[PDB]
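A.B. asks: Protein sequences appear in the order of chains A, B, C, D, E and F. In this text, residue positions in the first sequence follow our numbering: the first is 45, and each later residue adds one. In this text, residue positions in the second sequence follow our numbering: the first is 48, and each later residue adds one. In this text, residue positions in the third sequence follow our numbering: the first is 115, and each later residue adds one. In this text, residue positions in the fourth sequence follow our numbering: the first is 88, and each later residue adds one. In this text, residue positions in the fifth sequence follow our numbering: the first is 116, and each later residue adds one. In this text, residue positions in the sixth sequence follow our numbering: the first is 42, and each later residue adds one. Every residue, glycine too, gets a C-beta built ideally from N, C-alpha and C.
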Amino acid sequence: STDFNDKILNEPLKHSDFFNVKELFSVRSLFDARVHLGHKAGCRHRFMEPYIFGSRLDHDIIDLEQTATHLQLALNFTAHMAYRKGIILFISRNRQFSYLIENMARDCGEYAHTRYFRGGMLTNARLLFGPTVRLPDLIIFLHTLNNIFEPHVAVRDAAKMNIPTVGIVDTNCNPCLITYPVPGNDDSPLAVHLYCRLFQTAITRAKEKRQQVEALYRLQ
Amino acid sequence: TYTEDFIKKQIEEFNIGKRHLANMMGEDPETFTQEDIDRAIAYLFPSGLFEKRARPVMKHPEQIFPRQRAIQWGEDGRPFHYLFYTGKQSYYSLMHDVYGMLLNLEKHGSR
Amino acid sequence: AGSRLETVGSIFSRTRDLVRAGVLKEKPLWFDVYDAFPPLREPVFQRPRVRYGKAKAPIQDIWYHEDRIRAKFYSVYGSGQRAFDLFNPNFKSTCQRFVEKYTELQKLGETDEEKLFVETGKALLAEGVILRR
Amino acid sequence: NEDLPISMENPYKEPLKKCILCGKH
Amino acid sequence: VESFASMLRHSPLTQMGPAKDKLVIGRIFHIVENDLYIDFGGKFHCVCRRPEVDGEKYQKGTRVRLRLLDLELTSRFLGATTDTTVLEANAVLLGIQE
Amino acid sequence: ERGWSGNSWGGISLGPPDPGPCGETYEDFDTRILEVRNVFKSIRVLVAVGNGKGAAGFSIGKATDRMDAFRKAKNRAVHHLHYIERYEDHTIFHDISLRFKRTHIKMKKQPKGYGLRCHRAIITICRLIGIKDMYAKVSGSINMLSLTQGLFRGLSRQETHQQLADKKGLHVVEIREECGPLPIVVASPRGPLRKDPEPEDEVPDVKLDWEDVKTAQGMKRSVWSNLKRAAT
Ligand code: FES
Ligand SMILES: [Mg+2]
Ligand SMILES: [Mg+2]
């Protein structure tokens with residue numbers, strides 16, 4: 045099993061972009077998807093200031109150059125986690141996109157939670173599912189805020205359970221506890237569709253890469 | 048609580064008892080049916096108790112035993128359903144299907 | 115299982131310390147990936163603060179030179195009766211064409227703001243664009 | 088980069104509202 | 116390579132300037148009885164009432180003319196450190212785009 | 042064995058924590074009772090756990106029965122563990138002055154063989170953590186929960202020599218009187234070395250504590266200080 049590990053689980057970690065996630069998007073594409081449009085300055089969160097290019101007529105604009113690097117890191121992490129067959133859970137309380145996110149999660153062979161988040165799903169999972177339940181290895185927030193404009197409880201719960209989190213953080217969100225924050229617009233349907241497409245493509249490509257690497261190793 | 052082994056054994060005893068009853072009534076065991084089981088048991092063990100469930104019964108163990116045990120994840124730990132972590136995967140899957148049909152239509156005596 | 119003190123350090127630091135201390139027998143599946151490709155910022159909890167005194171946000175207002183021209187246009191000729199099509203990535207409003215003509219005149223002539231405005235209006239009317247003051 | 092924003096007072100700032108007797112004795 | 120600064124400078128939304136009393140083109144993407152949800156290229160959509168004149172013509176995908184009042188409706192209320200947002204724009208429905 | 046006193050629950054060992062639902066054993070962890078209080082009736086217990094190798098934590102358990110409170114507090118403590126960095130696995134990396142609510146804790150790093158001259162609860166928590174040499178003074182309100190919280194916070198917020206070297210990009214060199222003028226480099230930056238030296242601050246603007254200066258000048262006269270005591 046030593047050769048198994050060294051060749052399959054350690055090989056991808058020696059390359060900067062093993063799954064080639066950089067070609068999935070560009071600053072032009074993000075601008076076309078209106079990823080740069082934030083909320084007005086009155087709703088601005090302090091910790092989101094370093095990611096804000098400026099304010100255009102009292103409307104915050106998200107610096108897409110930083111968004112590109114953050115999205116690259118988040119997509120690389122997601123692809124690597126999917127390559128290792130980790131359980132990936134998408135979370136979003138924006139009811140306008142619940143159907144899309146559930147369809148995407150079903151498509152890429154991952155899991156979704158777009159419904160009311162009950163107390164203790166993560167911190168009390170053994171009582172709520174069973175003593176031998178396996179929790180997610182990665183949680184992806186397409187919307188980090190609930191419907192009262194406060195952080196989704198799952199962010200703090202995942203931080204408590206030491207589960208890495210990827211997250212789309214708008215100008216009025218708190219990125220302190222999200223492991224891989226991606227500053228961008230989370231309201232416009234174009235941006236959400238782009239995020240879903242990128243994450244689904246990355247996960248599918250990672251799983252296919254794992255399968256073909258295993259096949260090659262078995263053949264040789 | 049009824050273990051799966053217990054239900055397996057009871058299925059076996061029901062099958063052997065079915066062939067035994069078919070032998071006793073002279074009917075062909077191959078085509079002997081559940082209605083035949085009910086009629087033969089009523090004849091052999093007459094009971095006018097008004098409660099139909101208090102009368103003699105030889106039903107297939109599947110119908111009698113309320114034992115249920117459904118596994119939601121495999122040995123690797125990955126849940127089978129993509130809505131598992133909601134805790135109501137069946138209900139939310141049904142709601143998702145209904146909402147999808149409603150989207151499709153939008154694009155286009157009993158209780 | 116790991117520590118649930120989400121406000122102390124980060125998940126990476128807590129997991130690393132517990133693994134080295136022997137509390138956790140094995141590293142989680144994500145530890146190696148995090149170590150190889152860390153985030154730009156370590157995810158440490160911080161309480162947001164309300165600013166007081168002269169402390170101000172460092173966010174700047176986005177302004178361009180042409181905005182001045184736009185303002186004057188929107189103050190003189192008003193909002194164009196033609197409607198904006200924001201879906202088109204290369205939409206050109208009447209104000210935008212006025213701005214481009216103004217800049218071309220400035221680069222090909224002198225710098226007198228009123229004269230540039232009036233001559234730009236003459237040029238646009240010559241091209242055949244209606245402009246009601 | 089020539090496309091970077093420049094520091095400037097709001098050119099679209101609307102004139103501040105006036106009462107009907109402002110400027111009159 | 117085009118930088119983000121150039122994109123923002125030459126974006127139609129940036130060129131529009133102030134959004135008050137500006138005529139824009141929106142597209143109907145959702146209908147709930149007589150409520151039309153219209154996207155006009157901004158961060159948020161606007162919810163308009165179906166006009167009583169030629170209301171049948173207003174269907175999904177229809178192009179409509181709007182007079183923008185606010186790109187996002189927000190308001191700070193007493194005892195609040197942050198603005199409250201409705202996550203919608205304010206616009207007036209003028210008619211259909213011929 | 043008795044605790045801090047004959048009739049006191051404080052300092053008594055509760056044994057190893059129970060095997061957790063996660064499937065992890067904690068046979069190397071020891072549990073100590075820090076406080077027992079009657080809630081008006083139920084029992085509220087504050088307990089601390091630690092393996093003696095830097096991993097330690099504390100928790101509160103409330104229950105009608107005292108043993109249930111013990112079990113709850115211990116099981117919750119094992120899942121909220123801190124890691125405490127130890128200089129040479131016997132003491133802290135530097136002096137730590139902290140104030141949690143109204144409870145002030147001044148801790149001083151000490152050489153080997155100095156022992157634990159600290160509040161009895163601090164002695165128990167240090168034994169659980171694995172700290173063997175330190176001085177500690179508690180002032181203000183002596184509240185057990187606040188004391189524990191402040192102690193754990195200050196011990197978790199200590200900067201190691203490696204961290205300081207990386208931050209300043211310079212060699213951290215230790216000077217020991219027993220070792221003469223020999224320079225002992227205890228930490229070097231992982232990155233490059235800065236070539237310009239630290240400013241030679243002629244008089245640093247540090248906040249001194251009157252008790253320490255008074256002790257150094259010999260004006261402290263307390264009959265209770267430096268009393269002979271059993272090994273701790
Ligand atoms: S508003 Fe100017 S005098 Fe009243
Ligand atoms: Mg938002
Ligand atoms: Mg006694």
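Using a beta-carbon distance cut-off of less than 9 Å, what residues from the region 148-159 of chain E approach chain A?
C.D. replies: Answer in chain order: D154, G156, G157, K158, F159.
A.B. asks: Tell me whether A/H83, by its Cβ, gets closer than 8 Å to a heavy atom of ligand 2.
C.D. replies: For ligand 2, at least one heavy atom lies less than 8 Å from the Cβ of A/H83.
A.B. asks: Check whether the Cβ atoms of B/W120 and B/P113 sit closer than 9 Å, and answer yes or no.
C.D. replies: No, Cβ-Cβ distance for B/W120 and B/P113 is not below 9 Å.
A.B. asks: Measuring only the C-alpha atoms, how far is F/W265 from F/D253?
C.D. replies: Distance between the alpha carbons of F/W265 and F/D253: 16 Å.
A.B. asks: Classify A/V65: buried if its beta carbon has 16 or more other beta carbons within 10 angstroms, exposed otherwise.
C.D. replies: Label assigned to A/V65: buried.
A.B. asks: Compute the Euclidean distance between the alpha carbons of C/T208 and C/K229, then round it to the nearest angstrom.
C.D. replies: If I take the Cα positions, the gap works out to 19 Å.
A.B. asks: Just to confirm, does A/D104 get its C-beta within under 8 Å of one of the non-hydrogen atoms of ligand 2?
C.D. replies: For ligand 2, not one heavy atom lies less than 8 Å from the Cβ of A/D104.
A.B. asks: Who are the Cβ neighbours of E/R191 in its own chain at under 8 Å, not counting the five residues just before and after it?
C.D. replies: Taken in chain order, the residues that qualify are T197, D198, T199.
A.B. asks: Please find out if some non-hydrogen atom of ligand 1 comes closer than 8 Å to the beta-carbon of F/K142.
C.D. replies: Answer for F/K142: no, Cβ out of range of ligand 1.
A.B. asks: Could you please give me the residues that DSSP links to F/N79 through a beta bridge?
C.D. replies: According to DSSP, which records beta bridges pairwise, F/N79 is partnered with F/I84.
A.B. asks: Please report how far the alpha carbon of C/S127 lies from the alpha carbon of E/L208, in whole angstroms.
C.D. replies: So the alpha carbons of these two residues sit roughly 55 Å apart.
A.B. asks: Would the beta-carbon of A/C240 be found less than 8 Å away from any heavy atom of ligand 2?
C.D. replies: No, the beta carbon of A/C240 sits no closer than 8 Å to any heavy atom of ligand 2.
A.B. asks: Given a limit of 8 Å on CB to CB distance, which residues of the region 155-169 of chain A reach chain B?
C.D. replies: Flagged, chain order: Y155, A156, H157, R159, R162, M165.
A.B. asks: Based on Cα-Cα distance, which residue from A/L166, A/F173, A/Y160, A/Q255 lies nearest to A/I192?
C.D. replies: Here the closest residue by C-alpha is A/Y160.
A.B. asks: Less than 9 Å between the C-beta atoms of A/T176 and B/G124, yes or no?
C.D. replies: Yes, the pair counts as a contact, with Cβ atoms nearer than the cut-off.
A.B. asks: Thinking C-alpha only, which one of A/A85, A/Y239, A/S99, A/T188 is nearest A/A149?
C.D. replies: That would be A/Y239, whose Cα lies nearest to the Cα of A/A149.
A.B. asks: Counting only Cβ-Cβ distances shorter than 7 Å, please list the residues of the region 96-119 of chain B near chain A, keeping chain order.
C.D. replies: Here the close residues number zero.
A.B. asks: Which first and last residues belong to the beta strand (DSSP E) in which B/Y129 is found?
C.D. replies: Neither: B/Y129 is in no beta strand (DSSP E) and is coded neither H nor E.
A.B. asks: Counting only beta-carbon atoms, is C/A169 nearer than 9 Å to chain E?
C.D. replies: By this cut-off, C/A169 is not an interface position.
A.B. asks: Using C-beta distances below 6 Å, list every residue in its chain close to A/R254, excluding the 5 sequence neighbours before and after it, in chain order.
C.D. replies: Only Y127 meet the Cβ criterion.
A.B. asks: Taking just the CA atoms, how far does B/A87 sit from B/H128?
C.D. replies: So the two alpha carbons sit approximately 45 Å from each other.
A.B. asks: Check the Cβ of C/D181 against every Cβ in chain H and list those closer than 8 Å, keeping chain order.
C.D. replies: The structure shown contains no chain H; the protein chains it does contain are A, B, C, D, E and F.
A.B. asks: Is any beta-carbon of chain A found at less than 9 Å from that of B/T133?
C.D. replies: It does: the Cβ of B/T133 has a partner Cβ on chain A nearer than 9 Å.
A.B. asks: Does DSSP classify F/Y155 as helix, strand or coil?
C.D. replies: It is coil, neither helix nor strand.
A.B. asks: Is the beta carbon of A/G86 less than 9 Å from the beta carbon of A/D76?
C.D. replies: Not closer than 9 Å, so no.
A.B. asks: Give the straight-line distance between the Cα atoms of A/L189 and A/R137, rounded to the nearest whole angstrom.
C.D. replies: If you take the alpha carbons of A/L189 and A/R137, they lie about 7 Å apart.
A.B. asks: Between C/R163 and A/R90, is the Cβ-Cβ spacing less than 9 Å?
C.D. replies: The answer is yes: Cβ separation under 9 Å.
A.B. asks: Find the residues of chain C that neighbour A/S99, judging by a C-beta separation of less than 8 Å, and give them in chain order.
C.D. replies: The contacting residues are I173, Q174, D175, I176.
A.B. asks: Among all the DSSP beta bridges, which residues are the ones paired with F/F99?
C.D. replies: For F/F99, which the question treats as bridged, DSSP gives the partners F/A89.
A.B. asks: From the DSSP output, in three-state form, read off E/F144 for me.
C.D. replies: In the structure shown, E/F144 sits in a strand (DSSP, three-state: E or B).
A.B. asks: For the beta strand (DSSP E) that contains residue 26 of chain F, what are its first and last residues?
C.D. replies: Nothing can be reported for residue 26 of chain F, as the shown portion of chain F is limited to 42 through 273.
A.B. asks: Closest to F/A96 by C-alpha separation, out of F/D69, F/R78, F/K149, F/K261, would be which residue?
C.D. replies: The shortest C-alpha separation from F/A96 is found at F/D69.
A.B. asks: The beta strand (DSSP E) with A/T209 in it runs from where to where?
C.D. replies: From DSSP, the beta strand (DSSP E) with A/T209 extends over 209-213.
A.B. asks: What does a CB cutoff of less than 6 Å around C/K141 pick up in its chain, not counting 5 residues either side in sequence?
C.D. replies: Same-chain partners within the cutoff: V133.
A.B. asks: Taking the straight line between their C-alpha atoms, what separation do you get for B/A69 and B/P76?
C.D. replies: Their backbone Cα atoms lie some 5 Å apart in a straight line.
A.B. asks: Check the C-beta distance from F/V80 over to F/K115 and give it rounded, since I have them as a contact under 8 Å.
C.D. replies: With a Cβ gap of about 18 Å, F/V80 and F/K115 do not count as contacting.
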